[PDB]
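Report on one structure; see the data block that follows.
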Amino acid sequence: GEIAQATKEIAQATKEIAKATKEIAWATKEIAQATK
Amino acid sequence: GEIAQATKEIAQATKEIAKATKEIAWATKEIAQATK
Amino acid sequence: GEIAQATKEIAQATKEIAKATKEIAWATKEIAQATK
Amino acid sequence: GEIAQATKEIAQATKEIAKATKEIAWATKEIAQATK
Amino acid sequence: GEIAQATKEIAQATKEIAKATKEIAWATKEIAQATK
Amino acid sequence: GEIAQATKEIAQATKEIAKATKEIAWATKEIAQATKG
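Chains as they are written, first to last, in PDB author numbering: chain D, 1 to 36; chain C, 1 to 36; chain B, 1 to 36; chain A, 1 to 36; chain F, 1 to 36; chain E, 1 to 37.
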């Protein structure tokens, strides 16, 4: 595609953002629970 | 075929980011409420 | 079509991310104000 | 129905995310500076 | 014409999000380092 | 030409967001582990 290449890269990067954002959610919930 | 597949994957990943970001918002609001 | 469907889903998810991110900003500002 | 319509909506939502993310950066810097 | 315009706007907004997200990462690392 | 250019720029920016978000996750996990006082 060539156009296709860029879109595939966005797809991959967005998956990595999803995974990292889930870890932030987990860690922020732990912080909230400790802060009482 | 290829652009369609990658776009579907972006859609799925962005939905997962939305869900995780909502949990971060909830947890950060709890932290804010505890700090006062 | 398929690209149309996926693009609509990205649009919806990105709107939800916008809303959640604005709440994170509000809550983080309140945390900053409490920390003096 | 349109790809154009959905893409415009993504554009608008991403601008709102940009604005909110800049506020998170400001507020997180203030928190960091207070934590010494 | 319309898809092109919206895509350019997404590109610009995503660059601004990148810059802000890098600052959040820097500030959060400083918080982590202070918390020992 | 123009759609291609803008899409490449989105790709690059999203990669930078991915890298920064991973660092936020790491740092937030360290904060969580410290708050385990």
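Think of the CB as a built atom: it goes at the ideal place given N, C-alpha and C, for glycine as much as any other residue.
Exercise for the section: Locate the alpha helix (DSSP H) running through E30(E), then write down its first and last residues. Expected result: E2 to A34
Exercise for the section: Evaluate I3(D) with the Cβ neighbour count: other Cβ atoms within 10 Å of its Cβ, from every protein chain shown; 16 or more gives buried, anything less gives exposed. Expected result: With fewer than 16 other Cβ atoms from the protein chains shown falling within 10 Å of its own Cβ, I3(D) counts as exposed.
Practice task
Just the C-alpha distance for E30(A) and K19(B), rounded to the nearest angstrom, thanks.
Solution key: 23 Å
Problem - Burial state of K8(A), where buried means 16 or more other Cβ atoms lie within 10 Å - result: With 16 or more Cβ atoms within 10 Å of its Cβ, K8(A) is classed as buried.
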